[PDB]
Every structure is written in C-alpha cells, then in structure tokens.
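Sharing an experimental structure here, sequence included.
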Amino acid sequence: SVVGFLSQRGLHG
Amino acid sequence: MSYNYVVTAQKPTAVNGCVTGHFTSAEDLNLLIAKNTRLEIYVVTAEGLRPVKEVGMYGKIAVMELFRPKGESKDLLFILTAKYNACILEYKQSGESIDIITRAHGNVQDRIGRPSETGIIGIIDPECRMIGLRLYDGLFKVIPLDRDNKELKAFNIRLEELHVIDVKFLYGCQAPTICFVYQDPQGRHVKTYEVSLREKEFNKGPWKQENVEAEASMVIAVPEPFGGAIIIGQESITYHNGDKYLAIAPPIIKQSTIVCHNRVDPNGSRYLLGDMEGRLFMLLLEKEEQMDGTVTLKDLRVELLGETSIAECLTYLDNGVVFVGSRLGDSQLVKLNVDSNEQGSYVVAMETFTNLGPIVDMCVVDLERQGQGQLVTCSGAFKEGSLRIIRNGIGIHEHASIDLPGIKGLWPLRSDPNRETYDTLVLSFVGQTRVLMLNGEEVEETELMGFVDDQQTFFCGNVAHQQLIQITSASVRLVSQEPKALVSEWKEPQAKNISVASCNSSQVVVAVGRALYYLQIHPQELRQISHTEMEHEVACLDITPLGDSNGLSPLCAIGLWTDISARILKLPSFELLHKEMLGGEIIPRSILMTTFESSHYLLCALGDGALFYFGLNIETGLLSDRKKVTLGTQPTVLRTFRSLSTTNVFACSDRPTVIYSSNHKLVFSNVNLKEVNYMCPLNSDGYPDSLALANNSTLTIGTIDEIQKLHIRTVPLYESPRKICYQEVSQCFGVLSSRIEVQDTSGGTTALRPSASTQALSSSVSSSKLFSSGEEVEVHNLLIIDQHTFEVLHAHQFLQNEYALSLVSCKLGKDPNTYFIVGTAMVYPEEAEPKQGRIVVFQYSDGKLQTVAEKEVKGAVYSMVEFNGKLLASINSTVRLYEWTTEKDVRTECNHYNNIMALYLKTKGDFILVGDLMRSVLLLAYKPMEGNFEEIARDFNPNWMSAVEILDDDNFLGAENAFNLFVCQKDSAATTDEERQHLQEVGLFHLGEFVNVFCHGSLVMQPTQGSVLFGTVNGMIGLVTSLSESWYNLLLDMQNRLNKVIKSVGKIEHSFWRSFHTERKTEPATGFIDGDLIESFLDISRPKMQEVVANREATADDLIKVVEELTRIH
C-alpha cells in the first residue's frame, strides 16, 4: 500500500 | 537565472548513530554522537557528559567506528559517508587549540552496484588488519589497513549471496573471519568466510552454514573469552559457534522486534537490547568453567528492564549509566539500578535531550500576536510523538510600567541590612536624581539623606560596613544605616567633576579625566590612596574583586579617548601591563571584568554598536582573542544579572542581547525587547528574582527564559501527530493524530497506552454510514488544541480503518464560517492503493465539534488547499476543485487527471496550482473561463517528491526522495507550444536531509527577499530565501574563495557534498548558496580572511559586515 510506505517514509527507518 | 540561499536554523537533532571509546586520551571515556552531518564528542563523567568538540561534516554519516591498531597511543575514528567518502580521523589538541585531523581518506563508491538491502554496513576486524564493507549486492569492498593506504584503496570480493541482512567479524579467529545472515528463496541462513587479502577472495569460514529464523536480523559477535555469534529474530534469540548451538524463545520479546544492541561487559556476559516499543532488555550469557580449560556457555536469558525512548543507538558507559540515542523522539541519559523502583523498572532517566524528531508537519503562529513568528511542529512517532513550540530569542515578563523619558542609569537598593531583598531604585537622570521607595510591589518616590536630588547620580552600589554610597558629578557622598546622614563625603581637591565612577562593595575608583584617584569606605569615612594621570581621557572603568578576592580587588582595565584604546593595569600603583590599540575615531563606552565557572573575562563595547571581548588572567594579564562583534547600532552598556548557577552578562543596545555560556564559551543570543538602555538584577518582596531595565521612557522588571538562540516548548502527545492547522478565530490548533491498537479476544481494538486522544477533555466518533461490505491497526483523530494551554480540548475519532491524511482551516464560498476540513482514506493491506475516502467539513463552536458536511470520494485524499474561496483537493491521482453551495455542501467544478499520483499542492494566490508523486511537479491555472483547469507546464524528470512550495509567480521549490532540493521556473522562449509546456530545473542542491514540509514564515523581526522554512525527518529546520543576481555572484565567488581556505574534516569536497544526486544523475549545484558555508567565513581568523580577498569595489572587512547582516535572517 502507498500508505504503509508513504506515511512511514516520514519516520525514516 | 535562479538564485537562492539555504541555511540551517536548527541543526539536526535526531541521533542516527553513536559510539563509545577512548578517542580523546587512552584514559578518557568518550561518547561520539553522530547526527547527520554533525559529530558530537563528549567525555563521560560522574555528572554526565563533558562536551568537548562539535564538528560538522560534508556528508551524511552512515558508518561510524572507533578502533586502534598496534603501536597506537589512542583510538582512531573511521567514518563513512552516504556518498561513499571514507576517512579516518584523529583527535589532536595542541594545548588549547583542538583539532580533528584526517589520517586518511578516499571515495569508495563503485561505478557498478545497486545499493543493497539494509543499506550500508561497515565493520572492522578486532585485530584491526582491515575494514569490511557492504554497500552493494554481491560485492564486499575491503579496505586493508597499513601505515599508509592514506587513500583507503579497497578491492571488492565477489559474494554468492545476493541478499545479506547483517554481518560482523567474529572474535578469536586466526584469519579475519566474517559472519553474516542472508536470505534466499527458502529462508535465512548464517554463513562464514575467512578473508585472505594476499590473494583477495575469502576461503572457508570456521563453521557450516546453518539455518536461522525467517526474521533473523541482528548479528552480535561475542568477544574473545567466549567467541561465537548471537542471532536475533522475532520471539527468538540464538547462539552459534562451531558445533555449539544455544537457543531461547521468550514470549516476552515476541511482542516487538529488536532493533539495536550494545555490549555492557567487555567480556560480554551482558548486552542491552532495544525495541520498536521503547523496551530495554538485558541479555545474559551464563558462563561456566572447568580447571585447565576455558569457558563454555550453559544458557542465556532476557530480563525486561523498562522503557527508554525509542532507541536507534544504545551505549553503556560508566557505572550503570546508558546513553540512549533516539531519532523518533528525545535522546536521553539513563541509569540502570540493581533494584526496580515503582512498577518494576530497573531503569531511571537522568537526562533528556530535545529531539525535534521526525518533523512530519509544522506551521507558523504569532501566538501572543506580536510580530515574530513562533513555530509549531508535529514530531516523533508512536509514544515519542508530540508537538514542539519554537521561539527565537530570550523573552521577559513585564510587571510594572513607569514611563520616565530620561532614566540615565540605575542600581539596586535594600533599606534593611537583613533581607536579600531591596526596596528602592535610585536612578541617574536628565541632570538630576530621583529615588524610588517601595511598599514592596508599589511605586513611590521620596528622598534619602546624603543623596543629592538636583545632582546627577553616577552610581549607587551596595558598600559593606552598614553604609549607603552616592557618587554624583560633584562629590562621592556617604550615608549610613546607623547614622543615616552626612557620614562622610569626598570632594575633589580643586572643585573638579568626577567623570567616570566605579564603586565596589568595598573599594572605590573614580576618574576626573586622565586623573585617577582612589578612596576607601572604612568604618564610616572615605580615606584616600593613590593618584595617577594617563596619556589621554579616561573613557570607562570597572572593578569587581573577581574570585579569590574578598571585597579587595586585584588588577584592572580602562578605556581611553583620543588614541582609542584599552589597557591592563594593577591597583594602588597604577602600572600598565599589556594593551590593545583598537581602530576607529569612536571610543569604548563600556569595559567589563567577570567570571562564570572556570575563567576570568574582559569585554569592551564601542559607541557604534560593535563589541570586542577578550580573556583575562587575574595573575598574568595579557591579550586574548580579537574578534569584534555586531550588536546594536547604539553604544552598548554591559551589566551583570542574577540567574541560575552560572550568572551572566546582559548587553544593552538598541538590539538588546544576553551573554550566557556555551561549552565553556559564551552565548550571544537576542533578547525579545524593543530597546534597553540600562539594566540591573532585583529581588524585592513584590518583585523577586526580577531584572530592571529602562528605555527612552519606561521602567520594567521581570524574569528571564532559557538560553539558546531558540527556546523550545513541548506537548507530549503519546502518539503520532500527522498534520497541523491554526484556526485563529477559534484560538486553537487542529491536529491530525494516530494511535496504534491491537485485536482483542472479543475481536475489537483495545490500545496499548493512554494517548492524547484517549485522555481528551471531550470527544466524538464518526457516525457516518457511507460504507457497507495481535493484529495491529491505526486509529486516527482530529484533535483540538487550546493555543494557550496546549490541552486536547476535543477529539473526533475516525471510522474503523480510516486515515485522515490532510487538514485545512478556512472560510468557504459565501459562508462566513471558518471550518476544519479533513481528507481521509480507507486503507487495507490487500489494497496496493485506496479507492475509497472522504472529505469532511467540521466546525468548532463553543466547545463543540459539528460534523457540517461529508463527501465520499473514490480514492485517498492526499492533500488539499483552500483555493480562492473554493476547495482544492488531490484525490489519489485526480486533482479536484470543489465548491461550497449556499446549501452548505461540497460540489465539483472541475478536475485534472494527468497525474501519476498527486501528493502535494500549493497555491500562488491567483489561479495557479502545482505538484506530483513520482514526476517532479506540474503547473496549473484555474480559469474564470468556463471555470476550467489548464495545465500550463511541467518538468520532465522524475523526482519522487516529498515536499513542494511556491516562492513566486515563476519559482517552484521541490524536495525529494534523495535529499535534494531543486527549483523550477518556466521558459522565456519563442515557440510557446513546447518551450512553454516544459519548465527547466534552474537550481539544484543536495541538502542531505529529507524534507516533509515547506512553509512561508520566519522566526525573527519585530539583501534577500521571501522566506520559506522547512522541516526534516532529522530534526533539521532550514530556511530558503531568494536573492539578487549580484548578491548571488558576490556569494558564489565567496563560496569558492572560502572553500580553498577551510580545511574540511574528512578532506571532503564541499562541492562534491552539494552536488545534486540520484541513483542515475550527478550534477553540481547551481543557484543555491549555503549560508551554512558562508557563515563559516566568520569563524575564520583575520589572516585566513584577508586571503579570501584579492578583490563597484573590494575591501577586507567590508564582507565580515555583510555576513552578519545575514545570520540575522533567522
């Protein structure tokens, strides 16, 4: 999901 | 012809890595903290962390190890950047100068190689023969270590295993032996090689390839007296070495993944373990013996210890203390104790370092509606989550306000020998003197015996021996607590006025011009001592018995007039030591001597606004450091105030300023006031720990905030904030939020801790029915935050499986209401991409959250700006422009479709829009035509954007996937049917940071145009301004001159650093300037500075001005 990646490619880990 | 300027405003605060060892001395314990491009070096102590050196680098630190080969006095530092700059540093203190030296360096990237899985890994063989590296799949670079190899020449070996998870060198190995876990089809396996460098291949590693678990991910390599390898999966942890295979499956850990580890005991019986959750483990290795035979291992276990911040980096130090590096939230210093406090937590926090975490979104706000902006940021993730308020300068809180158009001085005054408190404020005035008795907190002006009223007071300090002192123009008078009259009075033998005053709580030094007397406040009388005249007129004087001096004061200093100078002198003798012949035709208004903790200080203000401070010696008395300052445009007056434990020096100028303390240095921060003339500490019963401060007209009093150029306020969310608006008419913030939760035995979802959204004052939940048809999930809320108290006023919980992804606060259509709109989405792991979601309109009333209007949409609302009274909103791939009916509903007007996936949108007030996911960014007008969208232009590269902004009608900022910044404008070209449909990348730049947010704003004020701020995964807050071609060039040139002069740490090329860069393109930076670098200019010695010029005109110290007149841009 573009989500799972995309809201995490904030955290950055 | 694009020209911009970037500066750091806050260095990154996330801690990407951190190592311990002896890098300063063979005896000295150091903690190295790696941020992104900042290297922090502390010495651990009884207390904690003695900061010692802070270097930046021209790279993103990816690898960081300490190590020591044979015939080496102390540890050396290996550092590998993310653009593959290897280098080896050494700690070099030339007595007082500190330096980090580059022992070797070279760039180790390869033309081949697609960068692997788990990204870069560097490792070092214990015997220090070499450095092993994984950068690409299939290869394994090796940098052999020799006295030379000063250019870190390395060779790759080939690696059968195309997918390695983690790797370390093993201990107790004859030949350099690696050990690694890798995944192929089946599952994961653990393999070993030797590494012979002679023939450069591998050979066979000590033991058979075994299996490991599906999610084995960490590899620990146990030191000598045990050897072997520790392997960490989920729910399970194992040990391997030759034939030996020890394993455990403690349900305790199944709950979360281990993520970081750290040896405690050199021998390695104990190890720390970090957790996605914040949990801290002890991993124990139970030894076991036999006589003439070494030590096996019988078992191993896990013992929960408690809870840290979420740890990336984790490092045992001195006794039971542990540094805990966190990127998701605040890094902290932590004590492990033998016993568990309340709740069974063998863990106690000692210190706590502010990490602006991931800055996921942010915005500006003048809270106290002034003229400066504060900044408010969503930060952290999960429990570390939170909001942080950020304010430039040091502010003060005003109690009384007496407008006195004159006040030409002021000193304290108690009227009772007991209390530490004062009750009068005597104040030099427009050729007069008034007094101010207080009922405590109340204003009143009367009289005191032996203190002239028509004579202008020059001083008032608190002289011991039960007496009160008034130096006036004419006489240096004397009064008592006992007698309280004309106790004494010194008059100049000639009828000549006092020029400069200087009373100490025991001594007295006046000046009559070039004339210098000296008197003493001995029991109830003024006895005289020395006389000495000087070359020229006495400009200013100060005396304060420094450290080892009860009342009576050692040597001194004095500003003169015509020659323009300051000079070092003793006491009743008046003997000149050293002196500085400063320039100009303007004199020193102010000279000061001081102390802080570990030093004695001399400072000197001039009439222009600039300062020079230098370092004194209560013993020797010589020069120090020559580095003029900026400060006000008006004569600065220096006085000392009461604060914490290390009391400080306040600078009165038009630009009021404090002088605090850095590492052992001195902070130089703004104070948030209009203008300050004179100022002093205070304590009265009615105005305690206060400071007094006058201006053109007004006396004020109050306390003082933190220190730093930035003060930072924080509101723990306990969950993971996502977006943030400011509905000002409601005096509050709206915030998108998210907590995790787990499946139940009942099926439904619990939670795992109280959150900002569960502890909410009131609360709602979506009723809406637009849809029909262990285990973790997110639960999302809008939140309403009082802008004054920062309380979760209200909470709206969204649907089961809805993410709220966008948030705005605006007025719409004709409608006079200010709403809170929220784009959402129905997310599921089986869907690669959501096809359901909704826009929702909300209002905040008295304390009420009205669900005004929903609006189902066939995708995920990725973002949405208020347009021109209408509502613009990216839906999944479509870009749509909604209208508000007078019937209060959201209905379409038009939509653009030519998007791979619209993620970001912004608006050039007029009818101009912009943005995309994996393309670069487009440009769109709306048309008062048939009310249509027209796609003006785009940019054909392919940048996975993260953040977008508009600087002006032509200028488009972009941040993206690969820590690059870039700018676009549109072509000024004939044939406007292609040369127009395309817009060129006129600025490129590598920031080295991942940007989540741009916004217009600024932190300062009540050369450069515009001001956009940005926020990064790493804690960094930078700023982008626009420039004039000329200013560009003045600065471009000056970048190049400057680079030649500065020795870069890992001998890395600044321009290599800043070079736009992807996994398929590397251009040098055009049209960008880091002040970051330009600011370096100021840290340079005048020698190295003159150099920067051999050449409208060209000076030598002209630029030193320009460069200050820049810093002050944030």
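Arrived safely, thanks for sending. Numbering: from 1, shown residues only, chains lettered A, B, ... in the order given.

partner residues bridging the nearest residue to residue B:151 once chain neighbours are set aside?
Once flanking residues are discounted, residue B:151 sits nearest to residue B:106: 4.2 Å by C-beta to C-beta, 6 or more residues apart in numbering or on different chains. The C-beta positions use only the backbone N, C-alpha and C, and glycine is treated the same way. As for beta bridges, residue B:106 partners with residue B:86 under DSSP bridges.

ok, residue B:106 - how many residues close by?
Residue B:106 has 18 neighbouring residues, counting by other C-beta atoms under 10 Å in any protein chain shown.

isn't it right up against residue B:153?
Yes. Residue B:106 is in contact with residue B:153 according to C-beta atoms under 8 Å; the separation is 6.9 Å.

Secondary structure element for the residue nearest the centre of chain A, which one?
Taking C-alpha atoms, centre = their mean, the centroid of chain A lies closest to residue A:8, which sits 2.3 Å from it. Assessed by DSSP states H and E, residue A:8 sits outside every helix and strand.

Could you report the separation of the closest residue to residue B:422 other than its chain neighbours from residue B:502?
Closest residue to residue B:422 apart from its sequence neighbours, by C-beta to C-beta, 6+ apart: residue B:414 at 4.3 Å. Separation of residue B:414 from residue B:502 (C-beta to C-beta, to the nearest Å) stands at 21 Å.

higher neighbour count, these two?
Neighbours per residue (other C-beta under 10 Å) separate residue B:414 from residue B:502, with residue B:502 holding more: 23 against 17.

Quick check on the residue of the stretch 401-550 of chain B found nearest chain A: phi, psi?
Nearest residue of the stretch 401-550 of chain B to chain A, counting by C-beta to the nearest C-beta: residue B:401, 46.3 Å away. When quoted as degrees, to the nearest 10, the phi and psi of residue B:401 stand at phi -160, psi 90.

how many other residues sit next to it?
Around residue B:401 there are 10 residues (other C-beta under 10 Å).

List the residues that contact it.
B:698, B:699, B:700 (C-beta atoms under 8 Å, 6 or more residues apart in numbering or on different chains).

roughly how far is the helix or strand containing the last one from the heart of the chain?
The one in question is residue B:700. Assigned by DSSP H and E, residue B:700 belongs to strand B:699-702. The gap between the average C-alpha position of strand B:699-702 and the chain average comes to 31 Å, counting by C-alpha atoms, centre = their mean, to the nearest Å.

What is it packed up against?
Contact here means 3 or more C-beta pairs under 8 Å, 6 or more residues apart in numbering or on different chains; DSSP states H and E; on that basis strand B:699-702 packs against strand B:691-694.

Check whether residue B:233 really touches residue B:214, as I assumed.
Yes. Using C-beta under 8 Å, residue B:233 is in contact with residue B:214, at 6.9 Å.

Tell me, how many residues neighbour residue 7?
The chain I'm using is chain A. Using other C-beta under 10 Å, residue A:7 is surrounded by 19 other residues.

try again with chain B
Residue B:7 has 20 nearby residues by other C-beta under 10 Å.

Next, the contact list for the closest residue to it other than its chain neighbours, please.
With sequence-adjacent residues excluded and distances taken as C-beta to C-beta, 6+ apart, residue B:7 is closest to residue B:1075, at 3.7 Å. Going by C-beta under 8 Å, 6+ apart, residue B:1075 touches B:5, B:6, B:7, B:1110, B:1111, B:1113.
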